Amino acid sequence: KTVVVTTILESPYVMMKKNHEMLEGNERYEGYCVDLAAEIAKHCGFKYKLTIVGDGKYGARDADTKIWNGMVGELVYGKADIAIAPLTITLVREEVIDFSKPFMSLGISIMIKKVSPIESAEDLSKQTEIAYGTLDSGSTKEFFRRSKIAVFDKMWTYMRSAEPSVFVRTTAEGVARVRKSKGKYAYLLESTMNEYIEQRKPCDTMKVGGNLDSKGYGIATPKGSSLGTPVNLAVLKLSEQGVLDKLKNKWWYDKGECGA
Amino acid sequence: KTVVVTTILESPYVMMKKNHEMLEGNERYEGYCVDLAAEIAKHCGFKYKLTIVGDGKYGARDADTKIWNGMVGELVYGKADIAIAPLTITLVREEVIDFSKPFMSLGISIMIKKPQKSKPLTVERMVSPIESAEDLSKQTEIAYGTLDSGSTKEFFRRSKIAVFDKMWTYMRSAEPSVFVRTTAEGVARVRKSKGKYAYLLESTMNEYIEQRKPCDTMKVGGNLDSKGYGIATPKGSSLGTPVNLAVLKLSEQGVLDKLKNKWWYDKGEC
Amino acid sequence: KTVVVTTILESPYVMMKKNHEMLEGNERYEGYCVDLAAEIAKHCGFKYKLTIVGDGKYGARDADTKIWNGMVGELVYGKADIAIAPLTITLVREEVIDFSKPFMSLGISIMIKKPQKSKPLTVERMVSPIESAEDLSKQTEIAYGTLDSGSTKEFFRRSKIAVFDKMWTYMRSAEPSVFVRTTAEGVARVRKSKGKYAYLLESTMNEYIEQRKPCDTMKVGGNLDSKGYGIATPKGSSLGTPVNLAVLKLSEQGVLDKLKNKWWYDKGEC
Amino acid sequence: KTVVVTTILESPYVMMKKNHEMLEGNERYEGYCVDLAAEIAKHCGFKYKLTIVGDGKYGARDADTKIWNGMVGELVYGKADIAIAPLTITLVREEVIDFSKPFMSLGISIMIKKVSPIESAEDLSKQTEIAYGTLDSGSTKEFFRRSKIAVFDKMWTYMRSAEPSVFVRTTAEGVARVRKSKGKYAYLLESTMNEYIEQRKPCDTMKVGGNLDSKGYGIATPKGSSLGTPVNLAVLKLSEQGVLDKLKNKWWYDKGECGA
Ligand SMILES: NS(=O)(=O)c1cc2c(cc1Cl)N[C@H]([C@H]1C[C@H]3C=C[C@@H]1C3)NS2(=O)=O
Ligand SMILES: NS(=O)(=O)c1cc2c(cc1Cl)N[C@H]([C@H]1C[C@H]3C=C[C@@H]1C3)NS2(=O)=O
Ligand SMILES: NS(=O)(=O)c1cc2c(cc1Cl)N[C@H]([C@H]1C[C@H]3C=C[C@@H]1C3)NS2(=O)=O
Ligand SMILES: NS(=O)(=O)c1cc2c(cc1Cl)N[C@H]([C@H]1C[C@H]3C=C[C@@H]1C3)NS2(=O)=O
Ligand SMILES: N[C@@H](CCC(=O)O)C(=O)O
Ligand SMILES: N[C@@H](CCC(=O)O)C(=O)O
Ligand SMILES: N[C@@H](CCC(=O)O)C(=O)O
Ligand SMILES: N[C@@H](CCC(=O)O)C(=O)O
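Chains as they are written, first to last, in this note's numbering: chain A, 3 to 262; chain C, 2 to 271; chain Y, 2 to 271; chain G, 3 to 262.
If you want it as structure tokens, here you go:
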């Protein structure tokens, strides 16, 4: 009985190698999440199959319908057994799926094309000359929707009432938008992906400010599943012997195809 | 019914008030941990009384007769219901108790007494004889110590990394023992050692001591490992889900961030 | 029963929202004044309807055919119940309506176009032809005027001081139509006058226009006097005491200061 | 029937004349408040007698007793008819006495001896080596006690718990304590008296930071008294014709025994 694993096409977590057209099975995928899934299977001792989520959405619940899309929907509705992917641990998602202990710390950061006048987030909210956006159906957008800090509510009020839409469909599309905006558009994304982008050639984007908050990535399992304890123990073990640190160093700093 | 909550006197997590001789109940203690417990009670209503573990240890797997001591030992054997205190999440601990989601990020850091400023146009510069863990392990002129019955000692004991293994090998044979009973003893040793002692401790406490007078000690390098603090609860308890949900609610509400800002950086004496 | 609340369209006190076409009720208007009305309704429970007076005037009294116009006229003759708007407290108005305690300080000032940077070691300095009110009265190469049917004209008309009386005499002697119907018209006259006109207005609006693009005007000198903005109710009304108490409570609670900061200094530029 | 006017001994509002031993009656008093009372009587048309408050307190309500002392006590208990004195208009005082329109704006300031490390109030609250105190039985003390702002709350916690008594009995005692503390003490007092002190020789004190809030001095009358409207319109008249400004300039800047 193989285990269906739901992932997303996001770098450096999952890459579609370079010759996927002439490869079969999981051998056509590479990345941090593929290595993490391999280690999880090695510790637990189960066969796994890598399946991409049908819709390129991390997961959210749409109001007035009460339905889930993406990996979270693929988990609550029994379409997959485990989600080794950069899924943010949030209060809403925990009520419907089980989150393991975080395996990668993260924070909300602001990145712009290459002293930067943006500086911190409050100045970005005050300065309306330069626009800022957020990935569609992500934890950042839901974080800003339910935020209560006055500055964060100002940012949310600006984003929900803007023309055209400041939101972006995919992270790569947001990177392209910020690169092609000549410093007129800003992107709010996770610290890990932003760092990976800023350490990659041509290196036309940089991180500004600090981290708005602190979150984490966890291995997701369906509610009431028997895999929660083994995957939690495996994540704890990997953190104890630093396999996660080695994987992050390999996939974030070993290549270093940038000037730094 | 009022449950038993256990804490340990570590500043700024749990500190005794100046006017505490006559006060009774939960009003005796003040700190970050008591505020976290108050917010936990506000989210899910329950009655709690602040207690301190008898031997004042975080909890370690004692060898030989296989006995758990300190906070974890109290939690396991039914004398405790929940521990709201800076207890790091550990695989060994996770196999023995249940841990909530990390409410505080942490890492192993290195402490050293701040050297005197170098005189050499006329600008003044600081020279750090210690920079990283590899250089600290390579040298022998400066001894280094850890906390007795602490998760840092467990991490060093079974670390496959060559530098960490060499460090632990030095620790086990070093005489007199560099291990200290309380973090206060370690900070005192660092202060009185004239710079000949490096006491490894969690990044949060190191930053707290740095921000506070007499601010004669400094934190060197980056975090060797990345870990977190979790609210402990005995296995097979119905209270784990409410505390996990309350921690998630507090983290998403920004209460934890403002509490950390007000307890670690608002009281900056240097 | 819903009472009538009359206001005046002055930024940032009362400005229509961009998407006001497809909205009805009080949701169309936004600014400092609507927030003050919301706090007033929160303190004392009542329903209010936001209305704009037909002639769009603050209030003045004719001498030959005595009649009160604008907001004060609306309040006196029973057409309105309360005016939560920047109405200056005046002795003449106090004899025809009831003013609560002031909720914002103010002062008569002078507006002038911002001069160009002076190139002539290499520094840039701001030099203005006007330094205070006395020089403006003494000089005759820059014309000045106030707002039509307002409190500033009333103050200048019956001022015994030599400088202000002389200014009023020139206001009757220059003989253009130096009095402007709206504050926006006077600001536009100052901006497009290339440096030939000075506008007298309240310090609050002066600062608001100063901190907003294209910011081609400066605040010169200091306030010629001190006045305030009060919530006005008709004489003999039972609502004067509740609104007075609500304003006092808001002032003690710091809500007024936070609204002033968020509507005057948190939206600035250049 | 002469009208009893309750005043307090506080400069420059009311000064006890140096020749008062040979001066009998209302002639023995001079100051801003004496001139204001003279103008009020000139407008309204009543005979006035200035009587100092028995106990040098502006006014407050005792906790667990519910009694009023000082000017407010002298007003609500029928001891005096009008209070022409620097009485701060506050929320709780208005419920028991009638306040007129303010005749002088004011704010909460900071007093220290002559780099200015303290600067603003938040930095004053951050630092502990230097202590700050206010005057008991006054608007500032009640405002600090009843303030709900976190920074003001921590200031109140500091002053309410300090040994010895950080509070002061009189404004002159406060400025003397500031002068003799060699910069180790801070006084939070009304901005008007702060300016008067800082412009008076030997000029060893100066104002730092900005005003924490905005209040006003008003003429006080007993609840239900008939003097409300006459004194209110008199204050409005005086403020409109600038006599109030002239008196302020005379009693604060005309002498100028300092260099500025
Ligand atoms: N350095 S990092 O961001 O790749 C990173 C971040 C984290 C790691 C491990 C690594 Cl390598 N483990 C912790 C978990 C492990 C065990 C101890 C704390 C939680 C449970 N979560 S974390 O603090 O989010
Ligand atoms: N800034 S901090 O170290 O006090 C801190 C650290 C952390 C916080 C919140 C704060 Cl304020 N919440 C996260 C939690 C939120 C959700 C994602 C990871 C856990 C579950 N853990 S954390 O990354 O260990
Ligand atoms: N800073 S400001 O001009 O917006 C401002 C000005 C004033 C405020 C409050 C604010 Cl926020 N309250 C006072 C009121 C409070 C009590 C004392 C005077 C009146 C009654 N009036 S004020 O001195 O005219
Ligand atoms: N220049 S000053 O501080 O002596 C001063 C301050 C003030 C004065 C008059 C003077 Cl001279 N009058 C106003 C009053 C007049 C009318 C408008 C606001 C109140 C009612 N209060 S005030 O803004 O507190
Ligand atoms: N990976 C995040 C989305 C990234 C973002 O917030 O922009 C999530 O699973 O919610
Ligand atoms: N926080 C650690 C103790 C500190 C240390 O070991 O350095 C624990 O809970 O075990
Ligand atoms: N605020 C003034 C009008 C503005 C002005 O005259 O400059 C009033 O209420 O009369
Ligand atoms: N004059 C003030 C007291 C001065 C102070 O606040 O220190 C009052 O009447 O309340």
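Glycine is no exception: its CB is placed at the ideal position from the N, C-alpha and C atoms.
>> Which residues of the region 113-135 of chain C have a Cβ closer than 8 angstroms to any Cβ of chain A? Give them in chain order.
In response: none
> Rounded to the nearest angstrom, how far is the Cβ of C/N70 from that of C/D56, given a contact under 8 angstroms?
Replying inline: 6 angstroms
> Going along the chain, which residues of its own chain have a beta-carbon closer than 7 angstroms to the beta-carbon of A/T173, five neighbours each way excluded?
Replying inline: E12, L137, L191 and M195
>> Tell me the rounded alpha-carbon separation between A/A43 and A/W254.
In response: 23 angstroms
>> What I want to know is whether the C-beta of Y/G229 ends up closer than 7 angstroms to one or more non-hydrogen atoms of ligand 3.
In response: yes
> Where Y/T123 and Y/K259 are concerned, what is the direct C-alpha to C-alpha distance, given to the nearest angstrom?
Replying inline: 41 angstroms
>> With the cut-off set at 8 angstroms, would you say Y/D226 and Y/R192 are in Cβ contact?
In response: no
>> Run the Cβ filter for me: residues under 6 angstroms from any heavy atom of ligand 7, listed in the order they occur in the chain.
In response: Y/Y59, Y/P87, Y/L88, Y/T89, Y/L148, Y/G151, Y/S152, Y/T153, Y/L202 and Y/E203
>> Determine whether the beta carbon atoms of Y/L88 and Y/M105 lie at a separation below 8 angstroms.
In response: Their beta carbons are not under 8 angstroms apart, which means Y/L88 does not touch Y/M105 by this criterion.
> Can you give the beta carbon distance from A/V168 to A/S127, rounded, assuming they're within the 8 angstroms contact cut?
Replying inline: Between A/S127 and A/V168 the Cβ distance is about 13 angstroms, and since that is not below 8 angstroms, they are no contact.
>> Using only the alpha-carbon positions, how far apart do Y/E142 and Y/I131 sit?
In response: 11 angstroms
> Can you list, in chain order, the stretches of the beta strand (DSSP E) that have 3 or more residues and sit fully within the region 122-164 of chain C?
Replying inline: 144-146
> Which residues does DSSP pair with G/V210 in a beta bridge?
Replying inline: Answer is G/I112, bridged to G/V210.
> From the beta carbon of G/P232, is the nearest beta carbon of chain Y less than 8 angstroms away?
Replying inline: no
> What did DSSP end up calling C/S101 once you bin it into helix, strand or coil?
Replying inline: coil
> Does the pairing of the region 95-114 of chain A with the region 23-32 of chain A give three or more beta-carbon distances under 8 angstroms?
Replying inline: No, the region 95-114 of chain A does not touch the region 23-32 of chain A.
> Do Y/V54 and Y/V77 have their C-beta atoms within less than 8 angstroms of each other?
Replying inline: Contact: no.
> Taking 8 angstroms as the CB-CB limit, is C/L148 close to chain A?
Replying inline: Not one chain A Cβ lies under 8 angstroms of C/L148.
> Hey, is Y/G222's beta-carbon within less than 8 angstroms of any beta-carbon in chain G?
Replying inline: no
> Which whole-angstrom value describes the C-beta separation of C/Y198 and C/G146, a residue pair presumed to lie in contact below a C-beta threshold of 8 angstroms?
Replying inline: 7 angstroms
> Under 8 angstroms between C-beta atoms, does C/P87 make it to chain A?
Replying inline: no
> Do the CB positions of Y/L251 and Y/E31 come within less than 8 angstroms of each other?
Replying inline: No, they are not a contact pair.
> Residues in its own chain within less than 6 angstroms of Y/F100 by CB, not counting five upstream and five downstream?
Replying inline: Taken in chain order, the residues that qualify are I90, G231 and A233.
> ligand 3 heavy atoms versus the CB of Y/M206: any closer than 7 angstroms?
Replying inline: Checking every heavy atom of ligand 3 against the Cβ of Y/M206, none is found closer than 7 angstroms.
> Quick one: what does DSSP say Y/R29 is sitting in, helix, strand or coil?
Replying inline: helix
>> Using C-beta distances below 7 angstroms, list every residue in its chain close to Y/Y49, excluding the 5 sequence neighbours before and after it, in chain order.
In response: Contacts found: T3, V4, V6, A38 and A42.
> If you draw a straight line from the alpha carbon of C/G196 to that of C/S119, how long is it in whole angstroms?
Replying inline: 15 angstroms
>> Under 8 angstroms, CB to CB, which of the residues in the region 94-111 of chain C have a partner in chain A?
In response: Close to chain A, meaning a Cβ-Cβ distance shorter than 8 angstroms, are the following residues of the region 94-111 of chain C: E95, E96, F100, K102, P103 and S106.
> Going by alpha carbons, who is nearest to C/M219 out of C/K19, C/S204 and C/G229?
Replying inline: With distances taken between Cα atoms, C/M219 lies closest to C/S204.
> Would the beta-carbon of residue 2 of chain A be found less than 7 angstroms away from any heavy atom of ligand 1?
Replying inline: What the structure shows of chain A is the stretch from 3 to 262, and residue 2 of chain A is not part of that stretch, so it cannot be assessed.
> What residues in the region 144-163 of chain A bring their beta carbon closer than 9 angstroms to a beta carbon of chain C?
Replying inline: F145, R148, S149, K150, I151 and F154
>> Please classify Y/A61 as buried or exposed, where buried requires at least 16 other C-beta atoms within 10 Å of its C-beta.
In response: Buried is the call here.
> Just reading off the beta strand (DSSP E) that A/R63 is part of, what are its end residues?
Replying inline: Per DSSP, A/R63 belongs to the beta strand (DSSP E) from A62 to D64.
> Which runs of the beta strand (DSSP E) fall wholly inside the region 173-222 of chain Y and span at least 3 residues, in chain order?
Replying inline: 198-203 and 218-221
> So what's Y/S119 in DSSP terms, helix, strand or just coil?
Replying inline: Three-state result, Y/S119: strand.
>> Mapping the DSSP letters down to three states, classify G/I86 as helix, strand or coil.
In response: DSSP places G/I86 in the coil class of the three-state scheme, outside both helix and strand.
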